[PDB]
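Student: The structure's right below; bear with me while I get my questions together.
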Amino acid sequence: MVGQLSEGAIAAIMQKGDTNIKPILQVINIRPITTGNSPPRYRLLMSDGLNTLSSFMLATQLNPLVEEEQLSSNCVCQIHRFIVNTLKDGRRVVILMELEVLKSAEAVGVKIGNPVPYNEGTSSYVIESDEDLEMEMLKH
Amino acid sequence: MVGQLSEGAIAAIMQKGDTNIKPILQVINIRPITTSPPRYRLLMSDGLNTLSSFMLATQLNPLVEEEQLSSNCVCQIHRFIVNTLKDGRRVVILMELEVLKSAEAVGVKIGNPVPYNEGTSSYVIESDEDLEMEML
């Protein structure tokens with residue numbers, strides 16, 4: 001149900017920098033990032049039911065949630081503490097510092113609603129994720 | 001040092017579908033796709049161009065888990081295949097390769113290669129964003 005998500009949280013985060021709103025978001029996709037020999041970091045495409053936004057990153061202390069598959073595509077999360085940063089190239093990113101998984105992916109089962117990208121950066125993420133899946137699927 | 005890579009191999013693969021060459025390429029970035037059996041996408045350089053549509057055959061995954069195939073290492077490809085997909089994207093699947101020099105032996109990205117095509121340019125921009133997001 002879309003109504004159980006924090007409608008408008010993505011727009012408020014991006015345009016006003018709201019950090020106190022404890023948003024309830026669905027994880028749409030997780031992109032592991034493996035730089036050099038370093039342990040992975042996880043970038044997230046998240047949905048508030050209306051929009052998706054791809055500029056989320058998990059703080060390192062939340063990495064075990066992804067490894068344990070507690071935090072996986074289609075689960076629903078309540079974010080407790082997050083910070084907004086503008087990178088040196090102007091891109092606005094959101095670091096998730098503390099959260100709770102409210103519903104596992106299997107309980108939700110699938111993507112909630114039909115959210116659309118909040119910006120071109122997010123549509124570029126969606127394109128690359130679509131590319132990944134296409135390359136992935138060797139057998140038909 | 002760029003002359004130590006197979007300059008022009010990416011253009012040969014993409015335009016002519018030449019899989020008889022045994023090109024020497026540098027890994028610029030490796031990324032697992034799923035978050036299941038891992039599957040690795042690679043941004044590779046031939047000294048002139050980068051190309052982001054390389055994927056690793058599952059049987060080469062041990063080289064990645066052993067951290068032998070890693071960003072900045074230089075490899076020689078022994079068997080590969082290139083296909084266009086129904087939607088027109090071209091994908092290169094690396095089937096057999098040897099790591100010639102470790103990431104540490106090479107030490108840095110060789111030269112200043114440019115993206116072969118728009119898809120690679122977007123991939124580099126997105127991967128540079130990924131990295132900027134980490135270093136926070």
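Naming scheme: A, B, ... for chains in displayed order of the structure tokens; residues 1 onward per chain; ligands 1 onward as shown.
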Any chance you could list, as a PyMOL selection string, the residues in chain A that come up strand (DSSP E) when DSSP is run on the backbone?

Tutor: chain A and resi 24-33+41-47+51-58+76-86+92-103+116-117

Student: So which residues touch residue 6 in chain A within 6 Å, counting only C-alpha atoms, skipping near sequence neighbours fewer than 5 positions away, as a PyMOL selection string?

Tutor: chain A and resi 23-24+48

Student: Take the residues just selected and output them with C-alpha atoms as a PDB file, in the first residue's frame.

Tutor:
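Generated output (again32.pdb):
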ATOM      1  CA  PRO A  23      10.686   8.803   6.357  1.00  0.00           C
ATOM      2  CA  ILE A  24       9.119   5.443   5.566  1.00  0.00           C
ATOM      3  CA  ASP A  48       8.386   7.259  -1.151  1.00  0.00           C
TER       4      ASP A  48
END

Student: Write out as a compact mmCIF listing (two decimals) with N, CA, C and O atoms, in the first residue's frame the set of residues from chain B that DSSP, computed on the backbone, places in helix (DSSP H, G or I).

Tutor:
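File produced: selection12.txt:
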# COMPACT_ATOMS: atom_id res chain seq x y z
N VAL B 2 50.57 3.64 -22.06
CA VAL B 2 49.36 3.29 -22.79
C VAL B 2 49.68 2.36 -23.95
O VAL B 2 48.84 1.53 -24.32
N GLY B 3 50.86 2.50 -24.54
CA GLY B 3 51.30 1.62 -25.62
C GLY B 3 51.50 0.18 -25.19
O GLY B 3 51.65 -0.69 -26.06
N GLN B 4 51.48 -0.08 -23.88
CA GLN B 4 51.60 -1.47 -23.35
C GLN B 4 50.22 -2.14 -23.38
O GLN B 4 50.17 -3.37 -23.23
N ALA B 9 41.83 -2.10 -29.46
CA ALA B 9 41.12 -3.37 -29.32
C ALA B 9 39.63 -3.15 -29.06
O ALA B 9 38.79 -3.90 -29.56
N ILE B 10 39.29 -2.13 -28.26
CA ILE B 10 37.87 -1.91 -27.97
C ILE B 10 37.12 -1.54 -29.25
O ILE B 10 36.02 -2.06 -29.51
N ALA B 11 37.71 -0.69 -30.09
CA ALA B 11 37.06 -0.34 -31.35
C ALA B 11 36.94 -1.55 -32.26
O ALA B 11 35.90 -1.75 -32.92
N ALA B 12 37.99 -2.38 -32.31
CA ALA B 12 37.94 -3.61 -33.10
C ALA B 12 36.83 -4.53 -32.64
O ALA B 12 36.11 -5.11 -33.46
N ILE B 13 36.68 -4.70 -31.32
CA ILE B 13 35.63 -5.56 -30.79
C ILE B 13 34.25 -4.99 -31.11
O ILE B 13 33.35 -5.70 -31.58
N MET B 14 34.07 -3.69 -30.86
CA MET B 14 32.73 -3.12 -30.96
C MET B 14 32.26 -3.01 -32.41
O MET B 14 31.09 -3.28 -32.70
N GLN B 15 33.14 -2.62 -33.32
CA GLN B 15 32.77 -2.43 -34.72
C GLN B 15 32.89 -3.70 -35.56
O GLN B 15 32.00 -3.99 -36.37
N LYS B 16 33.98 -4.45 -35.41
CA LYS B 16 34.23 -5.60 -36.27
C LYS B 16 33.86 -6.93 -35.62
O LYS B 16 33.84 -7.95 -36.31
N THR B 58 30.85 -16.58 -15.17
CA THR B 58 30.80 -17.05 -13.79
C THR B 58 32.07 -17.81 -13.40
O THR B 58 32.52 -17.73 -12.24
N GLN B 59 32.69 -18.52 -14.35
CA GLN B 59 33.83 -19.36 -14.00
C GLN B 59 35.07 -18.55 -13.65
O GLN B 59 36.03 -19.11 -13.10
N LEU B 60 35.09 -17.26 -13.99
CA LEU B 60 36.20 -16.39 -13.63
C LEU B 60 35.98 -15.68 -12.30
O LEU B 60 36.89 -14.98 -11.84
N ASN B 61 34.84 -15.89 -11.65
CA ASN B 61 34.59 -15.26 -10.36
C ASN B 61 35.68 -15.52 -9.33
O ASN B 61 35.95 -14.61 -8.53
N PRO B 62 36.32 -16.70 -9.25
CA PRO B 62 37.37 -16.88 -8.23
C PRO B 62 38.50 -15.86 -8.34
O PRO B 62 39.08 -15.50 -7.30
N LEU B 63 38.82 -15.37 -9.54
CA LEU B 63 39.86 -14.36 -9.66
C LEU B 63 39.47 -13.08 -8.94
O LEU B 63 40.33 -12.36 -8.42
N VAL B 64 38.18 -12.76 -8.91
CA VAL B 64 37.71 -11.57 -8.22
C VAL B 64 37.69 -11.79 -6.71
O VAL B 64 38.13 -10.93 -5.94
N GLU B 65 37.20 -12.95 -6.26
CA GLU B 65 37.14 -13.22 -4.83
C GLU B 65 38.54 -13.33 -4.22
O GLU B 65 38.72 -13.03 -3.03
N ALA B 103 47.13 -5.23 -9.56
CA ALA B 103 46.80 -3.83 -9.35
C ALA B 103 47.94 -3.08 -8.69
O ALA B 103 48.18 -1.91 -8.99
N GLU B 104 48.65 -3.74 -7.77
CA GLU B 104 49.72 -3.09 -7.04
C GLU B 104 50.97 -2.96 -7.89
O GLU B 104 51.69 -1.96 -7.78
N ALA B 105 51.23 -3.96 -8.74
CA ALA B 105 52.37 -3.88 -9.64
C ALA B 105 52.21 -2.75 -10.64
O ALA B 105 53.18 -2.06 -10.97
N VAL B 106 51.00 -2.56 -11.15
CA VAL B 106 50.75 -1.46 -12.08
C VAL B 106 50.67 -0.14 -11.33
O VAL B 106 51.30 0.86 -11.71
N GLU B 118 28.37 6.72 -25.59
CA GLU B 118 27.57 7.48 -24.59
C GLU B 118 27.27 6.62 -23.36
O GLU B 118 27.31 7.14 -22.25
N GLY B 119 26.93 5.35 -23.58
CA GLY B 119 26.64 4.44 -22.46
C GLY B 119 27.81 4.37 -21.49
O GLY B 119 27.57 4.40 -20.28
N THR B 120 29.03 4.30 -22.03
CA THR B 120 30.23 4.22 -21.17
C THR B 120 30.44 5.57 -20.47
O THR B 120 30.79 5.59 -19.29
N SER B 121 30.18 6.67 -21.18
CA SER B 121 30.39 8.00 -20.57
C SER B 121 29.47 8.13 -19.36
O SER B 121 29.93 8.58 -18.31
N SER B 122 28.22 7.70 -19.52
CA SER B 122 27.26 7.76 -18.40
C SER B 122 27.71 6.82 -17.29
O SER B 122 27.57 7.18 -16.12
N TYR B 123 28.26 5.67 -17.67
CA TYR B 123 28.72 4.70 -16.67
C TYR B 123 29.87 5.26 -15.84
O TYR B 123 29.92 5.06 -14.62
N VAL B 124 30.81 5.95 -16.49
CA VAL B 124 31.91 6.57 -15.78
C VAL B 124 31.41 7.66 -14.85
O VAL B 124 31.87 7.78 -13.71
N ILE B 125 30.50 8.51 -15.34
CA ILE B 125 29.95 9.57 -14.50
C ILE B 125 29.23 8.97 -13.30
O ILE B 125 29.40 9.42 -12.16
N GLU B 126 28.44 7.92 -13.53
CA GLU B 126 27.74 7.28 -12.42
C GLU B 126 28.71 6.61 -11.46
O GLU B 126 28.50 6.64 -10.24
N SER B 127 29.78 6.00 -11.98
CA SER B 127 30.74 5.34 -11.10
C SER B 127 31.59 6.35 -10.34
O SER B 127 31.94 6.13 -9.18
N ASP B 128 31.91 7.49 -10.96
CA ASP B 128 32.58 8.55 -10.22
C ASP B 128 31.69 9.11 -9.12
O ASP B 128 32.18 9.46 -8.04
N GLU B 129 30.38 9.19 -9.38
CA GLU B 129 29.43 9.57 -8.33
C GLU B 129 29.40 8.54 -7.20
O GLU B 129 29.39 8.92 -6.02
N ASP B 130 29.36 7.25 -7.54
CA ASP B 130 29.42 6.19 -6.53
C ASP B 130 30.61 6.41 -5.61
O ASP B 130 30.51 6.30 -4.38
N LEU B 131 31.77 6.72 -6.20
CA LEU B 131 32.99 6.87 -5.42
C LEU B 131 32.94 8.11 -4.54
O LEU B 131 33.31 8.06 -3.36
N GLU B 132 32.46 9.22 -5.09
CA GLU B 132 32.28 10.43 -4.30
C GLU B 132 31.36 10.19 -3.11
O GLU B 132 31.58 10.72 -2.02
N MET B 133 30.32 9.37 -3.30
CA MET B 133 29.39 9.10 -2.21
C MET B 133 30.04 8.27 -1.12
O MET B 133 29.67 8.39 0.06
N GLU B 134 31.01 7.43 -1.47
CA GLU B 134 31.68 6.59 -0.48
C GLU B 134 32.57 7.42 0.43
O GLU B 134 32.54 7.26 1.66

Student: List as CSV every residue of range 1-40 of chain A that is in contact with range 65-80 of chain A, defined as an atom at most 8 Å from one of its atoms (using only C-alpha atoms), together with the nearest atom pair and the distance in Å rounded to one decimal, sorted by chain and then rising number.

Tutor:
residue,atom,partner,partner_atom,distance
A:22,CA,A:80,CA,5.0
A:23,CA,A:79,CA,5.4
A:24,CA,A:78,CA,4.3
A:25,CA,A:77,CA,5.4
A:26,CA,A:76,CA,4.3
A:27,CA,A:74,CA,5.2
A:28,CA,A:73,CA,5.1
A:29,CA,A:73,CA,5.1
A:30,CA,A:73,CA,6.6

Student: Write a file of the just-selected residues containing N, CA and C atoms, as a CSV table (one decimal), in the first residue's frame.

Tutor:
chain,number,residue,atom,x,y,z
A,22,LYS,N,11.8,11.3,9.6
A,22,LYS,CA,11.8,9.9,9.9
A,22,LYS,C,11.0,9.1,8.7
A,23,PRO,N,11.5,9.2,7.5
A,23,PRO,CA,10.7,8.8,6.4
A,23,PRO,C,10.6,7.3,6.3
A,24,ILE,N,9.4,6.8,5.8
A,24,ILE,CA,9.1,5.4,5.6
A,24,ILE,C,9.2,5.2,4.1
A,25,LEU,N,10.2,4.5,3.6
A,25,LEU,CA,10.6,4.3,2.2
A,25,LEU,C,10.7,2.9,1.9
A,26,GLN,N,10.4,2.6,0.6
A,26,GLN,CA,10.7,1.2,0.1
A,26,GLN,C,12.0,1.2,-0.6
A,27,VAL,N,12.8,0.2,-0.4
A,27,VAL,CA,14.0,-0.1,-1.1
A,27,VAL,C,13.6,-0.7,-2.5
A,28,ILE,N,14.0,0.0,-3.6
A,28,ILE,CA,13.7,-0.5,-4.9
A,28,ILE,C,14.9,-1.4,-5.4
A,29,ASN,N,16.1,-0.9,-5.2
A,29,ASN,CA,17.3,-1.6,-5.7
A,29,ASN,C,18.5,-1.2,-4.9
A,30,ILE,N,19.4,-2.1,-4.8
A,30,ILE,CA,20.7,-1.9,-4.0
A,30,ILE,C,21.8,-2.1,-5.0

Student: Identify all chain A residues at most 9 Å from chain B by counting only C-alpha atoms; ligands do not count. Present them as a count of residues only.

Tutor: 40

Student: What is the distance between CA of residue 74 in chain B and CA of residue 88 in chain B, in Å to one decimal?

Tutor: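 Between CA of residue 74 in chain B and CA of residue 88 in chain B the gap is 28.7 Å.
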